[PDB]
Every structure is written in C-alpha cells, then in structure tokens.
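Structure first, then comments.
Number of protein chains: 2
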Amino acid sequence: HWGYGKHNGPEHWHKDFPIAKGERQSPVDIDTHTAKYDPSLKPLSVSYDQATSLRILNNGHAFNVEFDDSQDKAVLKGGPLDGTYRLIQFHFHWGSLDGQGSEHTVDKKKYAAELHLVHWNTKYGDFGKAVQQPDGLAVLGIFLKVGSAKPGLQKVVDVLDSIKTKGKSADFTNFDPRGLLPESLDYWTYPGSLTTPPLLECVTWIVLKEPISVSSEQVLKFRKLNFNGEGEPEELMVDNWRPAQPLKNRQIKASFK
Amino acid sequence: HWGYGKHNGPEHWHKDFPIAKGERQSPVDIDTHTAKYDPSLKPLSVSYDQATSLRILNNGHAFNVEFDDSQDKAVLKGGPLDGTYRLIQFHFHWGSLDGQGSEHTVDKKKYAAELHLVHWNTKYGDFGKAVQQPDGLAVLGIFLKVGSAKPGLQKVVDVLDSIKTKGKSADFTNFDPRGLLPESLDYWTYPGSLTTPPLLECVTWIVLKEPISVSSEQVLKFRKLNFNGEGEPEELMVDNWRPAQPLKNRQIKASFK
Ligand SMILES: Nc1cc(Cl)c(S(N)(=O)=O)cc1S(N)(=O)=O
Ligand SMILES: Nc1cc(Cl)c(S(N)(=O)=O)cc1S(N)(=O)=O
Ligand SMILES: [Zn+2]
Ligand SMILES: [Zn+2]
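Protein sequences, first through last, are from chains A and B. Take any residue in the first sequence, note its place counting from 1, add 3, and you have its number in the UniProt record's numbering. Take any residue in the second sequence, note its place counting from 1, add 3, and you have its number in the UniProt record's numbering.
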C-alpha cells in the first residue's frame, strides 16, 4: 500500500523496500556546474520508427502507455549504453501546481512534470530478468514545462477520461512517441534506480537537457486523474514524484560542453 | 465545466444534462398549505450510532464529509421508504448572504443553508448502481438558519481551512452526524432528483420541518472556501444552490398535522 500521501509516501517506502536508503537511488539533483563533460560518450540513438503502442493503463499512481516489446521495434542505443535496450512503456510524474512535479531537478529547479521512457537490455531476455541486473534498464527522462501545447501529447490527454480511476485500461494503438521528444538529444547520465517501489538499482538514467513545452490545459487533464478506484472517494492523482535522493559515490556525466 | 456562475450555472445545465427539464427535478418549493398529511407514513428511523466518517473533500462546488458505507453502520429506514438506505456522505449548499442559500424553500422562504445527508438503497449493492434506479437514493434535508451556534458543527467548520481549494481533502474520522439533527423528525417527502449534475431522477427527498441554528461565524467560514484550485485566482465558494424547479405531476406529503 505504498503511495504518495502523508502516511504512505516516499519517506515511508524504506520500511517495505530497504534499498530506498541504498547507494544508487533516483532521482537526484543535477548540479550542472559539477557534471563533467565526457567526450568519450557517443551520440544517443533513439530509433522509434517502428514502435507499436498497445494500451494505456491507470495503475493507481500514474498511467503507463505500453508497447509491444516482443521484437526489436523501438530501441535505445549509444550514449553511455552498451548493447540494445527495448522500449516497454512510458509514463509521467507531475505536480498539483506548475512549480513542482519533476523527479530530477536541475540546479534545484523543479519542472512541472517529467516523462520517463523505460527500456530493458535485450541481453537479459525479459523485463523481469533485466530489473535484477545493474545494467538492466535505461530510462530516457524528459522535463515538461508549461507554455505552448505539445501537439504530439494531445492523443494521450484525450484518452485520460476513459482511464480516470485505478485499474482502468484502454486500447491505445498507433501512438508515435517521437512526438514527445525535444529537438536536442544533449543529456546528462548517471547510474541509479527505479523511482517507484521496488526501487531496484538497475537503471542507467539518461536525462535530456532540453525540456518540452506542454499547455496548461494539457497538464490540467493529468491532474483530473484519480488515485482511487471507481466508486471510491476521489483523491486527485497529483504529486506522484519522489524527491531528490543523496548522490553518494556517483558522478553525473554530460554529453555536451 | 458546470458550476454556479453566470455562464455555467443552473440555467445552463440542461445543455449537457437534458434531464434538467425532466418530470421529477429537485429542489422544489414546499407549499405547506398544499402538502397533505399522510397518516400512513411511518416514523422516520435515523440510526447513526455506528457511523464512521473517514474524510472531508473540497470537490470544487461544495465539500463532502464521507463515510464508510461498506457495511450497514449508519442507516435511514421507515418514513416513506421501503428497505434500508446507507449513509455515504453529507454536504451543504449555502449563500453569499443570510437571506439565501437553501435549495428547497418553504412557502417561498429561503434559508441561509441546507444540509443534505445522502443515502443509497442497499438492494442495489453500490451507490453507482443505485443512482440508476428511481428509488435508489434517500436524501435527508435539513435547513440552517443563523442564530445560536450549532456545537456539533464546529468540528466541520474548524477543518475547512485545510481544504480551502478544489481537490483538497483531509482525514475526518470520528465525526458524529447526530450532532447536526434538529429535535423533531417531522418531515415533508416527495420524489425528485439530484440537485447537481448529473441531475439523475433517483431520489426520495425527506425534508425536515425544523431548521437547525448555526452562528454567523460558522456560516462565514463556509463562505471563505474557494471554488478554484490552489494557486488560481480566488472565487469564493458561495451561492452553490440550485433554485426551485417546477413541481409538475407531483404531490408533497407531510408526516405531521
Ligand atoms: N515499471 C517501472 C519502471 C521504471 Cl524504470 C520506473 S521509473 N519511474 O524509474 O522510470 C517506473 C515504473 S512504474 N510503472 O512502477 O511507475
Ligand atoms: N453525489 C451527490 C448526490 C446527491 Cl443526492 C446530491 S444532492 N444535492 O441531490 O443531495 C449531491 C451530490 S454531490 N456530491 O455532486 O454534490
Ligand atoms: Zn518514472
Ligand atoms: Zn445537496
């Protein structure tokens, strides 16, 4: 029964998931002056041309847009990564107000929301096996700020009415995640973890420097979702972000000067 | 985006909810000289000894005090009712000034506010199924006039600061709704509807004749609530009442002579 409230939120998670106090937890604050440029990092390769989305699900804390990951259709490669990582799902974290919502921060700046594109390393065969490995996942993180609308996001926001409450799903085919990417692929990278329970330390984080812009009306529709099931008292799905965790013995690398 | 303003208030609701012009809409004016005494009505049975409140919520138009309705703990029976109705929530409607705020009127008299205790018929299993039935709900309505304070109301007014804006909730356990009841259970009854969208024609209305008294300071605290979300321009939550609707082919019955 973990969640984001006073009695079950991030400060409680360590009781059920002791790794919450581990050595490579996420998210973190990105200190842009301390991050070091690494000229040995390769360009990021984001190959989403054959992506095939299947479904969208309200899982009780956010919503996941799911993909067919049974062949290499949508893959992340290059950058800090060795080998091939297949897209399985994306989701967001967001706030109750525009001044908060992101998980990562940039010189302590919080964005209104953060998009996570989750990928698993094909050398481990399946997602479930991959999360047991220190290099099992690669998450592409993208900040959202409020300003102009993101056209490529509108098909997501218009389906949210149909998955308002916990446990609802809807068909969501033919969704192109390329419409959620900023112009630049300039990034920061560090070794970390899932930001939700079970908090497994299996993620290579790749956080893009350039935010995308979404409109106030688009993020308002996120905030009309519900944490609760149908027929239960309404609890708006807002503030589903974990705050920054201690960097400990890690270095954040920059792909750019 | 229905509400109570000039451009989205009760006179607009029929566009989205055509039943607003239906044959059994609420509230109504209670013409006390036309209501007929029915000696075949049984005494009302209000059994609230085991009620267990859980939470209070600002839903953007009023606030709801919610109950655990997963067993028969707080039930309404008798009167005009067949079977057992379980308490799910209560809320109020109120005005900007003491001369208005009630939904029902009594010989055209408007009270400062009106309390609605909402109950669903256990034969339909859940609230959501109950509102689809002509005998699905029973609402106990109680008028508020301004005079002496209502001691049993003060725990509600003191929590309102913590739910000032739309979408906020707070724990609200151990609240006894018996402290909101007048001495007499003398009532009027008629078949009607929800008074808010979706305006479903599923309610047996039971309106008590005896008002309760609340102090000016108590109703002032209702009027400090906000329709708006946090960080938005302030719009005081006042005048959240629907005016009287046409009686059409209905009879109001009185439990008393
Ligand atoms: N399965 C999963 C995997 C990752 Cl990697 C992440 S996150 N937030 O670390 O990207 C979140 C989730 S989920 N669906 O529990 O929110
Ligand atoms: N759910 C509900 C049920 C009833 Cl019955 C009524 S009322 N005003 O008819 O009592 C009001 C509401 S609510 N929460 O939308 O204001
Ligand atoms: Zn995430
Ligand atoms: Zn009401």
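Where a beta carbon is used, it is the ideal one built from N, C-alpha and C, also for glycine.
Helix, strand or coil at residue i [DSSP, three-state]
i                 : result
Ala116 of chain B : strand
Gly104 of chain A : coil
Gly182 of chain A : helix
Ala173 of chain B : strand
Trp16 of chain B  : helix
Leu163 of chain B : helix
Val134 of chain B : coil
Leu202 of chain A : coil
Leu211 of chain B : strand
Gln157 of chain A : helix
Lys24 of chain B  : helix
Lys224 of chain A : helix
Near ligand 4: residue i beta-carbon under 7 Å from a heavy atom
i                 : result
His64 of chain B  : no
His122 of chain B : no
Identified DSSP bridge partners for residue i
i                 : result
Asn67 of chain B  : B:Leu60
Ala257 of chain B : B:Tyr40 and B:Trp191
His10 of chain B  : Per DSSP, none; premise fails for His10 of chain B.
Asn229 of chain A : A:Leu239
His122 of chain B : B:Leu90 and B:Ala141
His96 of chain B  : B:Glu117
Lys80 of chain B  : B:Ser48
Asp32 of chain B  : B:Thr108
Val149 of chain B : B:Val217
Rounded straight-line distance, which links the Cα of residue j to that of residue i
i                 : j                 : result
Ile59 of chain A  : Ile166 of chain A : 8 Å
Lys113 of chain B : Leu184 of chain B : 19 Å
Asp129 of chain A : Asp110 of chain A : 36 Å
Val206 of chain A : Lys251 of chain A : 16 Å
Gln221 of chain A : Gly104 of chain A : 14 Å
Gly81 of chain B  : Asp242 of chain B : 32 Å
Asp164 of chain A : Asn229 of chain A : 10 Å
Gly232 of chain A : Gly131 of chain B : 13 Å
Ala133 of chain B : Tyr88 of chain B  : 10 Å
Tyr51 of chain A  : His10 of chain A  : 40 Å
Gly150 of chain B : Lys24 of chain B  : 36 Å
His107 of chain A : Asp85 of chain B  : 58 Å
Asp32 of chain A  : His17 of chain A  : 20 Å
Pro200 of chain B : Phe95 of chain B  : 15 Å
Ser258 of chain A : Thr192 of chain A : 8 Å
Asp75 of chain A  : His15 of chain A  : 38 Å
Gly234 of chain A : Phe20 of chain B  : 21 Å
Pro46 of chain A  : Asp189 of chain A : 8 Å
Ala247 of chain B : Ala152 of chain B : 27 Å
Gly195 of chain A : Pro30 of chain A  : 8 Å
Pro42 of chain A  : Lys260 of chain A : 9 Å
Closest by C-alpha distance to residue i, when choosing among the options
i                      : options                                   : result
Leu90 of chain B       : B:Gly81, B:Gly104 and B:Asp71             : B:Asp71
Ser48 of chain B       : B:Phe230, B:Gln254, B:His122 and B:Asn62  : B:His122
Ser218 of chain A      : A:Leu163, A:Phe259 and A:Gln157           : A:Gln157
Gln136 of chain A      : A:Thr125, A:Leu143, A:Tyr7 and A:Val149   : A:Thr125
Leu118 of chain A      : A:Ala141, A:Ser99, A:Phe93 and A:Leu140   : A:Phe93
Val68 of chain A       : A:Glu213, A:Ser196 and A:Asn177           : A:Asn177
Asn61 of chain A       : A:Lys76, A:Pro154, A:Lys45 and A:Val162   : A:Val162
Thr37 of chain B       : B:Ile255, B:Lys260 and B:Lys76            : B:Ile255
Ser187 of chain B      : B:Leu228, B:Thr198, B:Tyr193 and B:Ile215 : B:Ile215
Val210 of chain A      : A:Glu26, A:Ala141 and A:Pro236            : A:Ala141
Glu237 of chain A      : B:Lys9, B:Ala173 and B:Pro83              : B:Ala173
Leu44 of chain B       : B:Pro83, B:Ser196 and B:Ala116            : B:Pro83
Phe175 of chain B      : B:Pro194, B:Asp41 and B:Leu57             : B:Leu57
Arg181 of chain A      : A:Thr168, A:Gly12, A:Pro21 and A:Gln53    : A:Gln53
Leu120 of chain B      : B:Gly102, B:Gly98 and B:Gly144            : B:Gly144
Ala115 of chain A      : A:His4, A:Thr198, A:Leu223 and A:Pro249   : A:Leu223
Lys171 of chain A      : A:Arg245, A:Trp5 and A:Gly63              : A:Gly63
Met240 of chain A      : A:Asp34, A:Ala65, A:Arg253 and A:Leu100   : A:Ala65
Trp97 of chain A       : A:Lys39, A:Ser196 and A:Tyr7              : A:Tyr7
residue 320 of chain B : B:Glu26, B:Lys227, B:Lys212 and B:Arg245  : Because chain B spans 4 through 260 in this model, residue 320 of chain B falls outside it and cannot be assessed.
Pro154 of chain B      : B:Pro30, B:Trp5, B:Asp179 and B:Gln28     : B:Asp179
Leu197 of chain A      : A:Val160, A:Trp244 and A:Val159           : A:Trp244
Residue i Cβ short of 7 Å to ligand 1 heavy atom set
i                 : result
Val109 of chain A : no
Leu57 of chain A  : no
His119 of chain A : yes
Near ligand 2: residue i beta-carbon under 7 Å from a heavy atom
i                 : result
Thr37 of chain B  : no
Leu140 of chain A : no
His94 of chain B  : yes
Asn252 of chain B : no
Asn67 of chain B  : yes
Near ligand 3: residue i beta-carbon under 7 Å from a heavy atom
i                 : result
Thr207 of chain A : no
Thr199 of chain B : no
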